[PDB]
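Chemist: Please find one structure pasted underneath; my questions will follow.
No Cβ is skipped: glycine too gets one built from the backbone with ideal geometry, and neighbour counts run over all protein chains shown. Bear in mind that the values in this text are calculations on the coordinates, not laboratory data.
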Amino acid sequence: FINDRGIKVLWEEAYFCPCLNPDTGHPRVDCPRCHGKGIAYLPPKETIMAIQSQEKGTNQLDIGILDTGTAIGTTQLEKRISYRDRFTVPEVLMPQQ
Amino acid sequence: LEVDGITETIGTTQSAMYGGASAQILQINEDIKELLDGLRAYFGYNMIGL
Amino acid sequence: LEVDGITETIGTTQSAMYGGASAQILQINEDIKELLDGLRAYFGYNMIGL
Amino acid sequence: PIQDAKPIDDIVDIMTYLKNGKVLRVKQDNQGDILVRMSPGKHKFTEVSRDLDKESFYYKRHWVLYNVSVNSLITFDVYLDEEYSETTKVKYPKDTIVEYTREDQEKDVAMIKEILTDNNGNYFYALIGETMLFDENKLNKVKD
Amino acid sequence: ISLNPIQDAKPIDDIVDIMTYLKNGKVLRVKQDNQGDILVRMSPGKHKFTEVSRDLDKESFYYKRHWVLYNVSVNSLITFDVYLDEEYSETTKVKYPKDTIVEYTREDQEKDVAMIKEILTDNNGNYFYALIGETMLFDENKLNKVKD
Amino acid sequence: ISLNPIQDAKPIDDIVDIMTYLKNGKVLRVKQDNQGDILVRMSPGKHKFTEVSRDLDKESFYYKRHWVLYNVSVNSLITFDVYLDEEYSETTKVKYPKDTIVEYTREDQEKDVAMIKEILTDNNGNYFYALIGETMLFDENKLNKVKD
Ligand SMILES: [Zn+2]
Ligand SMILES: [Zn+2]
Ligand SMILES: [Zn+2]
């Protein structure tokens, strides 16, 4: 069922980069593992996943426009996802200006 | 099948008791029987002495 | 199956009193009966004196 | 000849070298080059690195686990990391579609069979089905 | 003991000849990337306009094509390959068309790449392939294609 | 009045011999922990690639195995025990395989642990066990296994 209704997606696990500053506790601006974000990632794992309710919620503010929205997904069996894991769907393209 | 607010339902002519094309076949039989019975009258019955 | 608002649903030709292919098997019987009877007319009935 | 390439043919030799622990370089198609390695210690498993440059005081390679496929090894070309040459300064790479003219002034296509040079740096090329050597100008790089 | 060579359906690149054929009224067949293969025609009579049909076969006594008015675009013609409907046909969907570079094994166990200059067929419908620099005609199974 | 000893399916540990057998094309059987037992094979012909089949039985005239292309991983081979499909079989799923340390009761009512060096079978299909230091061959019921 899951393999049928799902979409092919790359699953890459998340882990804190060693480059974090030991004293402030905040990351280096640029390093190979993580590009300023304080969280690095492992090699991707090809996976099929179902996705629903995908929303491109736009907030217009003094800082500018911002894209943020909720999308609800459902995995396969035996897979234990973790907080701030990352997914990317090559098939689906999104317009931006 | 229902996914993400879009739903579809289909009911085929297939059934446990009859196949999907059974209606066409059964109408073909109805025509063939008429067609064949009428044509036999063009040739007629067979007879042999004994 | 109904999973997280997803829904998948199937109803087959299989039934408690009819088999999955029994629709085709029945149609094949209807086909063989027409074919077989028409071919015995080519060979004809057997006879033995007594 | 030129000593800039020494590809491995048998996968068995590749596995033998991996058992010895020597690093390998594995090419890709329209994609970055890869280094592959066998992890040390109690548990044995393959590791990969997206970095290519030699280790130094100012540059260190990064290794992570990956389920490397034997298909990649058997299909793609493989070299020893230490003995690999970055580039041979020739117009046409090896195994590249090229066009030429035969002895009877007939045009024909082919791929490069060998890359050669003289002591003065002049480069000669041999094509498939052609024993004679061809000048760099006489060849033509076919467009994909 | 064979059949003479079969011409491939030459794609038309120049827009000018396409428009000239259309003005002459000869049918055109357009291979749209997204939604399949369609026919294009100029309406007969005084009320000139372009027409489209998806009755995608050669015209026959028992199969007459139906034409719908459509506003065919120039860009569609330019970006999409177009063929004359008199030529493009199911007769020969050859795996390795003419002018295609294919890889063939030579007798010396050295694989070479050559461009198919001539193709013909025989009684069994096989596809004999002629390669530049060689006289013997190869078969479908022996050859191979290299892409990108 | 018995049958000669039966060899156990030797697991293969060295990756080099595994790869050599695979290159030779001999079939391999991989005991995956999570999703059961599978066969692994190298494709014949020039287009070399690994193939998998779950047609998990010896090949037979009435039962021909179907092979699907798969990207088998080196780590999978290393971490999972692999056997030659010519050997691994239902013929003898012995409760106490060779080289296994088992607990056996001696005639002096003192339990001792010994390693099974040889195993054979008889007409009834029983499993006669040979233990180091003793000549008499024990039976299945007499013995016992100690784990951890
Ligand atoms: Zn970092
Ligand atoms: Zn009569
Ligand atoms: Zn008789």
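Chemist: So if I take the alpha carbon set of chain A, get Rg, then get Rh from the Kirkwood formula, what is the Rg over Rh ratio? Mind showing how you got there, number by number?
Modeler: Values: Rg = 16.4 Å, Rh = 16.0 Å.
When Rh is taken as the Kirkwood radius, the ratio is 1.03.
Chemist: Using only Cα atoms, tell me the angle between helix D:11-20 and the longest principal axis of chain D; keep it within 0 to 90° and round to the nearest 10.
Modeler: Orientation of helix D:11-20: about 40 degrees from the principal axis.
Chemist: When the helices in the protein assembly as shown are scored as -39500 (n - 2.57) per DSSP H run of 4 or longer and the sum is shared across all residues, what 222 nm value do you end up with, to the nearest 500 deg cm²/dmol? Present the calculation step by step, with values, prior to reporting the outcome.
Modeler: Working: 9 runs with 96 residues, N = 637.
Here the helix-only value at 222 nm equals -4500 deg cm²/dmol.
Chemist: Can I get the semi-axes of the stretch D:35-144's equivalent ellipsoid? Compute them from the C-alpha gyration tensor as square roots of 5 times the eigenvalues, in angstrom, largest first. Intermediate values should be presented prior to the final figure.
Modeler: Numbers: eigenvalues 317, 62, 24 Å².
Sorted largest first and rounded, they come to 40, 18, 11 Å.
Chemist: For residue E:82, which sequence-distant residues (separation of 5 or more, or a different chain) have an amide H within less than 5 Å of its own amide H, given hydrogens modelled in the peptide plane?
Modeler: For residue E:82, whose amide H was placed from the backbone, the distant partners under 5 Å are E:12.
Chemist: Using a 10 Å cut-off on Cβ to Cβ distances, tally the other chain neighbours for every residue of D:60-68 and report the average as a whole number. Please list the in-between numbers first.
Modeler: Details: counts 0, 0, 2, 0, 3, 3, 7, 8, 4.
Across the residues of D:60-68, the mean count of other-chain Cβ atoms within 10 Å is 3.
Chemist: DSSP loop (so not H, G, I, E, B), at most 13 other Cβ within 10 Å: list which GluC sites (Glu not before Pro) in chain A pass both filters. Write down the numbers at each step before the final one.
Modeler: On the way: sites: A:12, A:13, A:46, A:55, A:78, A:91; in loops: A:13, A:55, A:78, A:91.
When the GluC sites (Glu not before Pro) of chain A are filtered for loop state and at most 13 Cβ neighbours within 10 Å, A:55, A:78, A:91 remain.
Chemist: Each residue of the stretch A:44-58 in turn: what ³J(HN,Hα) in whole Hz from Karplus with 6.51, -1.76, 1.60 and θ = phi - 60°, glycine and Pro shown as x?
Modeler: 3J(HN,Hα) across the stretch A:44-58, in whole Hz: x, 10, 5, 8, 9, 9, 8, 9, 9, 6, 4, 10, 9, x, 9.
Chemist: Using all C-alpha to C-alpha distances in the stretch F:14-148, build P(r) with 5 Å bins and read off the rounded percent in each one.
Modeler: In whole percents, the pair-distance histogram is 2, 8, 16, 16, 13, 11, 11, 10, 7, 4, 2, 1, 0, 0.
Chemist: What's the angle, to the nearest 10 degrees (0 to 90), between helix F:15-24's Cα axis and the longest principal axis of chain F?
Modeler: Between helix and principal axis, roughly 50 degrees.
Chemist: Also, quick follow-up: How far apart, in nm, are two points set 7 Å out from the Cα along the Cα-to-Cβ line at residue F:58 and at residue E:69?
Modeler: Result for the modelled spin labels: 7.8 nm.
Chemist: Shifting gears a bit: Round to the nearest 10 and give me the degree value, 0 to 90, for the angle of helix B:22-43's Cα axis relative to the longest principal axis of chain B.
Modeler: Between the helix axis and the principal axis of chain B, the angle is about 10 degrees.
Chemist: Where does the stretch F:1-82 land on Rg(C-alpha)/(2.2 N^0.38 Å)? Can you show the working numbers first?
Modeler: Numbers: Rg = 14.4 Å, N = 82, 2.2 N^0.38 = 11.7 Å.
Ratio of Rg to 2.2 N^0.38 Å for the stretch F:1-82: 1.23.
Chemist: What are the semi-axes of the equivalent ellipsoid for the protein assembly as shown, taken as the square roots of 5 times the Cα gyration tensor eigenvalues, largest first, in whole Å? Before the final figure, lay out each step's value.
Modeler: On the way: eigenvalues 598, 469, 247 Å².
Calculated on Cα positions only, the semi-axes equal 55, 48, 35 Å.
Chemist: In whole angstrom, and with the biggest value first, how far do the Cα coordinates of the stretch D:34-86 range along each principal axis?
Modeler: Taking max minus min along each principal axis of the Cα atoms, the stretch D:34-86 gives 33, 29, 16 Å.
Chemist: Give the relative contact order (percent, whole number) for chain E; include only Cα pairs under 8 Å separated by 6+ residues.
Modeler: Working: 235 pairs, mean separation 32.9, N = 148.
Relative CO of chain E lands at 22 percent.
Chemist: Another question, then. Could you work out, residue by residue across B:1-7, how many beta carbons of other chains sit within 10 Å of that residue's beta carbon, and then give the average as an integer? Don't jump to the answer; show the numbers that get you there.
Modeler: Working: counts 6, 6, 8, 9, 3, 0, 1.
Mean partner-chain Cβ count within 10 Å for B:1-7: 5.
Chemist: Can you list which of the GluC sites (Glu not before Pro) found in the stretch F:84-148 are DSSP loop residues with at most 15 other C-beta atoms within 10 Å? Present the calculation step by step, with values, prior to reporting the outcome.
Modeler: Details: sites: F:86, F:87, F:90, F:103, F:107, F:110, F:118, F:134, F:140; in loops: F:86, F:87, F:107, F:110, F:134, F:140.
Answer by residue number: F:86, F:87, F:107, F:110, F:134, F:140.
Chemist: Given H placed on each backbone N at 1.01 Å, which residues far from residue D:140 in sequence or on other chains put an amide H within less than 5 Å of it?
Modeler: Distant-sequence amide H within range of residue D:140: D:99.
Chemist: From a point 7 Å beyond the Cα of residue F:101 in the direction of its Cβ, which residues of the stretch F:122-148 have a backbone N at a distance under 13 Å?
Modeler: Hits in the stretch F:122-148 for residue F:101 at 13 Å: F:145-148.
Chemist: What nm distance separates the two modelled labels at residue F:84 and residue E:139, each placed 7 Å from Cα along Cα→Cβ?
Modeler: Roughly 3.7 nm, to one decimal.
Chemist: What are the extents of the Cα atoms of chain C along their three principal axes, listed from largest to smallest and rounded to whole Å?
Modeler: 80, 20, 8
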